[PDB]
Structures are given as C-alpha cells and as structure tokens.
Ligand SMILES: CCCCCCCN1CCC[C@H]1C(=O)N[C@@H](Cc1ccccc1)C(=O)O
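Quick heads-up: it's one chain on its own, the form solved without this ligand, in structure tokens.
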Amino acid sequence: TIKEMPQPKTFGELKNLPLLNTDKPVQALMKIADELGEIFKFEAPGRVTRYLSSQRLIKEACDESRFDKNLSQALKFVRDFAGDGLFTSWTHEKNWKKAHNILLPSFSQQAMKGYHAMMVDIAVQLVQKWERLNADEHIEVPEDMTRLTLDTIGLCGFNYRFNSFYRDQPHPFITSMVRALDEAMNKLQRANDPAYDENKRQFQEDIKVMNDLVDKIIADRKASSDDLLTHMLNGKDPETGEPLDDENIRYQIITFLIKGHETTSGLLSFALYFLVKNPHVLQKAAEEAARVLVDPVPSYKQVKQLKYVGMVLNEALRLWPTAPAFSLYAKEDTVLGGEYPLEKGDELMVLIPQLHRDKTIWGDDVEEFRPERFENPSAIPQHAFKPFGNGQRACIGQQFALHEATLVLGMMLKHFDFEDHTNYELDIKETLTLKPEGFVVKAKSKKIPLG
C-alpha cells in the first residue's frame, strides 16, 4: 500500500544538498543507497529526484509506456553544448526520431565490418607505442585508452585523424571536454552568484575549443566515404523525408566525438584494472587471446570469437558502468512498485552501479570480479544488467564500443604481460562519467610481431 518514500536527512532550506558536497557524487549516492535501500527521494533547492537501485523497481521504470527519458540537470548543462543531438534531445523532439532513423544504419553489422580495419589501424598504433617504451618506463592507462577511443571514432565516424598518439599531452579537444564535463558536474551542487563568473567564462571557452574541431571536420569532408558523417550530410528520415539541418549536424558531430569515445576509454581502463588485480582471470583471458588471434593482425570474426574477453568487458561494466546513471520522467500520473504514487513529470534516476549490486539478482558476492557470471547471459534476468540504458533511448553505439574494446583488449593480452608495479589503489574520477584516475602499469612485450 501507499508507502512513505525514504529520504536522507534534510537541513532546513539546504534540503539534502550538504550530503552531496563532493567531487564523487555518484559514489556518495551509492553510500546513501546502501543505507536506505532500493529507493530514496533526494531534494536540492528548487529540484527533486528519486534514486532507484533494485531490479524490481528499475524493471517498472523501464516500461516506456509509462516513463520516458529525462534530461537530468547534468544533461541539461551538457545540452548547453550538445544541443538536440541524439544524447541530449527529448524523445518528443523532432530531431530525436529523425537523427535516430538517419544515423542507425551506421551501426549495422554491415557497417561494423567496414569499421574493423580502421579500428585495427589505431589498435596497432597503441601496441606500437607500448612496444617502443624503454624499460624504465610505464603506461598511463586512462590517457592512452583515451588516445585510442578518440582516434577510433574520429577515423570510423568522420575520416579525421586526431593523431592522438603523436602528442605526449592530451589532444586539445580532450582537455576542454574534461573541464566542461567537470563543470556541469560542479554546477549541480551549487545552491545559488558572481562567485561563479570565471567558471561560466572558462565554460564558454571550453565549448569554443570543442566547436573549433567541428569546423575543422566539416571543412575537411567539404574540401574533398560512407560513414556517420556521410549519413549526417546526405541521409533522409524514411518517415518525414527530411534531412538534418546544419545546426543539428553540428550537434551530432559534438555528441559523437564525446559519447563516441569517453565511456569506452573508461571501460578499457577498468577492465585492465580488474585483470591485473585478478591474476587467475588475466591468465585465462590471456590464454584466449593467444589461441584465437593466430594472425599478425586480428580479423573481424576472430574478435567475435573472443568470448571470455567479452565476459571480462561485461563484468567490468557491471561493477563500474562508465555512464553510471540515466534519468526518466513519468509520462502520466502513476504508481511505482505498487506503493509509490507519482505525478506526471516526476523524475527518477537509475543508479546503475547499485542495480548491478542487487544481491537478490546477482547473489552475495557482488563486489567480486567474476567474468564467468556472463557464461550464458540469457540466464540473467531482464533489466538486471543495463550499462547501455533502456529501450529506444538505449546506447546506439553499444556494438561499436564492444567491438572496439574486445579487439583492443585481445591485442593487449596477446602482446604484453602487465605489471601492477605501484600496487595501484582504485580511485574513481567522476566527470559525470567514470574512470580510474592515475591507473598506471608496466607492460613487458611478449615480442610478437604485428602485421
């Protein structure tokens, strides 16, 4: 029957805000979830949401007849630069369904097979960097994974070479992206001011940097292909018959550059992190790579054969889903879990890391890294594993990401032995998305030739 919704302690007008005075808000929220359970309300001056953590409640929230995708305050802040592209558009916005239809063919297996060779180009450039390090040297993992994933989406999506591996510091686009994402995150924990005038002005500067690349890409395709850029330029929605106007296209370039690389990078960092911490898992994933990748460079089918590598990727997404949250709103008045009445417009947040720790679904060893959980995935209940969102608003890039990751991890495992030389202590940085900050390793080459 009509239950009272749990809520953390409120502090007069501050509401629940003093509890999220942190650079790690998602990890803080996980703490409040362990304390209060599957659902809690959370209020901040002028705004309210409900955090869900259980499969039973998230199953219901994922019913698209009752709840649609919502733009959390965080995505509202990012919509300041990504506009009405795929990721920051409302489902009822014209350009959502339209860009969806227009851009979907770029993620068909047909197109996926055509991306493979460009993926290998960047993968090799990674392996070669590591082959060429001197003995006194180590690898900065999130940093190099970011070089790979940015370059990969640049080449596959846009035929643009970011040449991230010819730069010892991050590409200029990355530095702006990261400072902007951080700022959208800082903006959330501010109750109300001319104290934030510089943050607003760096925020506009960070946007212009990003946009400067867009024009560069736009002008490169111009001044001279069947890819994402192509369909953005030529494609027409098989419904309305209309193409995307110039303004939307620029929003899509930006959308894809960011979303098209950052969460994949975090996944590869975490996966490698868990491998070097779980040496019996590493050995087994390294056995699979040596056996399957019998060629100097990997083929498309061989990547498909790397089954245990895929299990490792999925298990790493279970523990640390790199886009750790997605928001929903009630299309109409409704009752949630048969106990929580909700009003048209009310917001729900899906705390994916808590979902992935639901013991009633996963058992009592949720913190353990066990790729074998995914041995036969059809066994896993529906809506229990959701690192790619839900329904028609799920990740469009899912298979792209996993193909990229599996290929790259497979080659890593084939070509090197990794050492956790600083006995790295997990430290998860939040820029809305998640990554293990400061993760470093040593890779000793197995001295196996590339093709």
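Heads up: residue numbers just count along the shown sequence, starting at 1.
Gap check for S224 to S225: 1 to 3 deposited residues are absent from the model.
In the deposited entry, the stretch joining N192 to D193 is interrupted by 1 to 3 residues of the deposited sequence lacking coordinates. Comparing 266 to 274 with 134 to 142, the higher mean C-alpha B-factor in the PDB entry belongs to 134 to 142. Looking at 202 to 210 and 76 to 84 together, the entry lists the larger mean B-factor for 202 to 210, computed on C-alpha atoms. Each of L148, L355, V312, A184 has a CA temperature factor in the record; the biggest one is found at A184.
Highest CA B-factor among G37, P45, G410, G389, as stated in the entry: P45. Remark: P324 belongs to the lowest third of its chain, ranked by C-alpha B-factor as recorded. Residue-level temperature factors show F173 in the highest third of its chain, judged at the C-alpha atom. Annotation for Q382: CA B-factor lies in the highest third of the chain's modelled residues.
The entry lists a Cα temperature factor for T360 that places it in the middle third of the chain's modelled residues. When the modelled residues of the chain are ordered by C-alpha B-factor, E372 sits in the lowest third.
The same protein also exists as the form solved in complex with this ligand; that form is not shown, yet it is the one meant from here on.
Taking the partner from the other structure, this ligand in the bound PDB entry has no heavy atom within 4.5 Å of any heavy atom of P371. A residue is said to contact a partner when one of its heavy atoms sits within 4.5 Å of a partner heavy atom; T230 fails this definition for this ligand in the bound PDB entry, lying far away. Shown alone here, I32 lies farther than 4.5 Å from this ligand in the bound PDB entry, counting heavy atoms only. Contact between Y273 and this ligand in the bound PDB entry is not found at the 4.5 Å heavy atom cutoff. For the options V366, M311, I361, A323, the one in contact with this ligand in the bound PDB entry, meaning a heavy atom within 4.5 Å, is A323. Residue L75 is the only one of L75, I207, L282, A111 with a heavy atom lying within 4.5 Å of this ligand in the bound PDB entry. Considering this ligand in the bound PDB entry, the lone stretch of 406 to 414, 24 to 32, 419 to 427, 54 to 62 in range is 24 to 32 [heavy atom distance within 4.5 Å]. No residue of the trio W130, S164 and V441 has any heavy atom within 4.5 Å of this ligand in the bound PDB entry.
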